[PDB]
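Structure, as structure tokens:
Protein chains: 2
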Amino acid sequence: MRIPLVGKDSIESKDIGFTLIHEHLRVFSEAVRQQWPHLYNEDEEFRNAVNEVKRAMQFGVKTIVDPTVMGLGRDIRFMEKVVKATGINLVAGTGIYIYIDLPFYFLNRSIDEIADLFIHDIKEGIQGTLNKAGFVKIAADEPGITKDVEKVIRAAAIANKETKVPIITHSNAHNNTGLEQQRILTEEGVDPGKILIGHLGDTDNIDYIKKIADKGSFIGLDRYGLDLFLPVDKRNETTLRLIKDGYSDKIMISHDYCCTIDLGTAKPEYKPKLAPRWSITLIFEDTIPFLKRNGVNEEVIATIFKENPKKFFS
Amino acid sequence: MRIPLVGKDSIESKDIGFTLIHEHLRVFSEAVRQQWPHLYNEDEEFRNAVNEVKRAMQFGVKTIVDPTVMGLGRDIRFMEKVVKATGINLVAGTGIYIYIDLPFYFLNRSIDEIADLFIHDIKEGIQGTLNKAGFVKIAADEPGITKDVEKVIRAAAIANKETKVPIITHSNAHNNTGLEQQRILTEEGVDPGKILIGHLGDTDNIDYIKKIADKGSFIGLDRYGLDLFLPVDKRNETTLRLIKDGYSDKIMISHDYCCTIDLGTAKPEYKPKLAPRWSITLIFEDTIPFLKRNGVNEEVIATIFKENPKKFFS
Ligand SMILES: [Co+2]
Ligand SMILES: [Co+2]
Ligand SMILES: [Fe+2]
Ligand SMILES: [Fe+2]
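As they're listed, the protein sequences go chains A and B.
Per PDB author numbering, the first sequence starts with residue 1, numbered consecutively.
Per PDB author numbering, the second sequence starts with residue 1, numbered consecutively.
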């Protein structure tokens, strides 16, 4: 189907090669950064991002999909810089990120009005730019599938139909929000194969993850490093298993790393003694080497990091 | 010099002239305007802002307090273009406007680290400018007093103590959220006379109102025009009753008009019927004349619109 890149003539589905499916160059709360720019440092952030991408490309990473959308502080101009300064393939997406309600702006507005916003970022461009969204991100968490949360999921379903672009979800692995995102998206006509249920690696309940995969969707083991949601040695033990059961065709791995996080749980103070080894290369340093160590083979890891992302964007 | 102004030198608590205590030059959602700027037209917004501000001046309005803060789309620089085009005593403020929870950025952070933000705008400047904040605005609505909501309130108190600036609040006149904000600010040291429970004019329940006034806190009859919450005539009737009971010295009147409201509930087409007369000079055309006509002398009004504000910023 061909995919739009941040500041590039665009590439074809089959030519994305080794790609990381959930990585944030930078995340912040639009509101806070707009009212207190003194808290942030573009230069310090820009560099932290450059070091990651380049040294992530050194490992062979050819494409990076960044699910940073509204609520996370998407910035197409910042992302465009990183591209010019690295040459990496960035796939920017659209959508909305919320756990409970929508900004007051969305009061008594139709799901169609929302989908329009997504379709705009896909057809027209992003933030007055020519860069187009190659997907749509949606979220759900502890609060569950709330009213406004469901409205976004449906707005996503429409955008998919109208554009054919895939969907990436943030979910809570413990409250079945992921399975619900799948139920709704499927009921609305979305192709399960065009759905990636995220943050499923945050659990070791193999029986639940399989239920989502058996329905034909991708299961997102996409938080290597964040030891707060699940230790690495226990995540690897989980991924290594779904692989033994032949679920590679639905397995997607990433870090969900944020070269720069304004989160109170990501301060330049906590990380050290919370999620130490949490880099955009944690998989090459541990995961992958571990898998090969358990006799997986290059074919399988090629499936997870090349074939899957390929089927996903086509 | 003790009360900050946008694009002007500070002034004394006095010579503030006829003032509108609660008016918005324009409101919007930080997140939405960033991600989808195609939804807004600054050219138009600017013309309307300057437009209204002028007519206000034509009626003797010398000062306007704009309680637009985080969540409502505060833009100091935009306010400058309005002041320079009118030369109005526009007072800017700091604070956070939420109904339920804070942006993930505040997750973990303490009520103390939040107060530090307001103080920056009060001492240093708003969004990296010499423009100081003359007050703090907190909010609470239908959802009630949530954890995050309460955190913001207590933070507001801290700021008042070290800065001396008053607090303008937003509440729901139907769920005691206003009284709560009152029983939570005074305790933190804040001087009751330095508070202003707003949106009390949205109800005809005289008992509920008098209760807040009977505690040294200013009552906010500040939504003239917004018939959705209460018709003009029924408001005029309510304010008159309060005056006829000596609650004059504690009464503050305004429109809470959004020369450019982002809410989807105030669409361009659904204007008439919902808030036809709604403007920033609706009180000079209706309210005031009504009052005079009903035994309220010129001194009282000068008390409500001139002195009361003074006491507020002292
Ligand atoms: Co997520
Ligand atoms: Co209000
Ligand atoms: Fe993420
Ligand atoms: Fe207001």
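Cβ atoms here follow ideal geometry from the backbone N, Cα and C, with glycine treated the same way.
**Prompt:** What's the call for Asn108/A, buried or exposed, on a 16-neighbour Cβ count within 10 Å?
**Reply:** exposed
**Message:** Counting only C-beta atoms, is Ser29/B closer than 9 Å to chain A at any point?
**Reply:** yes
**Asked** Is it the case that the CB of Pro67/B approaches a heavy atom of ligand 4 more closely than 8 Å?
**Response** yes
**Item:** Exposure label - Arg74/A; buried when at least 16 CB within 10 Å
**Value:** buried
**Request:** Return helix, strand or coil for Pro166/A, following the three-state DSSP convention.
**Result:** coil
**Asked** Residues bridged to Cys258/A by DSSP?
**Response** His24/A
**Request:** Could you name the residues of the same chain whose beta carbon sits closer than 8 Å to that of residue 319/B, not counting the 5 residues immediately before and after it, in chain order?
**Result:** This structure gives no information on residue 319/B, because the portion of chain B shown stretches from 1 to 314.
**Simplified DSSP assignment, three categories, for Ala139/A** = strand
**Request:** Could you work out which residues of chain B lie near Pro37/A, taking near to mean beta carbons separated by less than 8 Å?
**Result:** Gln127 and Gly128
**Prompt:** If you pair each beta-carbon of the region 58-66 of chain A with each one of the region 95-113 of chain B, do three or more pairs fall below 8 Å?
**Reply:** no
**For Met70/B, three-class secondary structure by DSSP** = strand
**Request:** Determine, using beta carbons only, whether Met252/A comes closer than 9 Å to chain B.
**Result:** no
**Request:** May I ask whether a heavy atom of ligand 4 can be found less than 8 Å away from the beta carbon of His174/A?
**Result:** no
**Message:** On the criterion of 16 or more Cβ atoms from any shown chain inside 10 Å, does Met1/B qualify as buried, or is it exposed?
**Reply:** exposed
**Item:** N-terminal and C-terminal residue of the beta strand (DSSP E) that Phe305/A is part of
**Value:** First-last for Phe305/A: undefined, no H or E at that position.
**Message:** Let me check you understand the geometry: is the CB of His38/A closer than 8 Å to at least one non-hydrogen atom of ligand 3?
**Reply:** no
**Beta-bridge pairing of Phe18/A - partner residues as DSSP gives them** = Partner(s): none; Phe18/A has no beta bridge.
**Message:** Taking the straight line between their C-alpha atoms, what separation do you get for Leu242/B and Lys311/B?
**Reply:** 19 Å
**Message:** Tell me whether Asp262/A, by its Cβ, gets closer than 8 Å to a heavy atom of ligand 1.
**Reply:** no
**Per-residue contacts from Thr265/B into chain A (C-beta, under 7 Å)** = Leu107 and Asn108
**Request:** Find the residues of chain A that neighbour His120/B, judging by a C-beta separation of less than 8 Å, and give them in chain order.
**Result:** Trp36 and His38
**Asked** Looking at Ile197/A and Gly225/A, is the spacing between their C-beta atoms short of 9 Å?
**Response** no
**Prompt:** When burial is assigned at 16 or more other CB atoms within 10 Å of the CB, is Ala139/A buried or exposed?
**Reply:** buried
**Prompt:** Where do the N-terminal and C-terminal ends of the alpha helix (DSSP H) with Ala56/B fall, by residue?
**Reply:** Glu42 to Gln58
**Message:** Taking 8 Å as the cut-off, is the beta-carbon of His120/B closer than that to any non-hydrogen atom of ligand 3?
**Reply:** no
**Prompt:** Is the Cβ of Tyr257/B closer than 9 Å to any Cβ of chain A?
**Reply:** no
**Asked** Pairing CB atoms from the region 127-147 of chain A with CB atoms from the region 156-175 of chain A, are three or more of them under 8 Å?
**Response** yes
**Asked** Taking C-beta to C-beta, are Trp278/A and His120/B nearer than 9 Å?
**Response** no
**Prompt:** Does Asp262/B have its Cβ less than 9 Å from a Cβ in chain A?
**Reply:** yes
**Prompt:** For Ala92/A versus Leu117/A, is the C-beta spacing smaller than 9 Å?
**Reply:** no
**Asked** Per DSSP, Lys234/B is paired with what?
**Response** In the DSSP output, where bridge partners are listed per residue, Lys234/B has none listed.
**Prompt:** Whose Cβ in chain A lies nearer than 7 Å to the Cβ of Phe104/B?
**Reply:** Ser29 and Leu263
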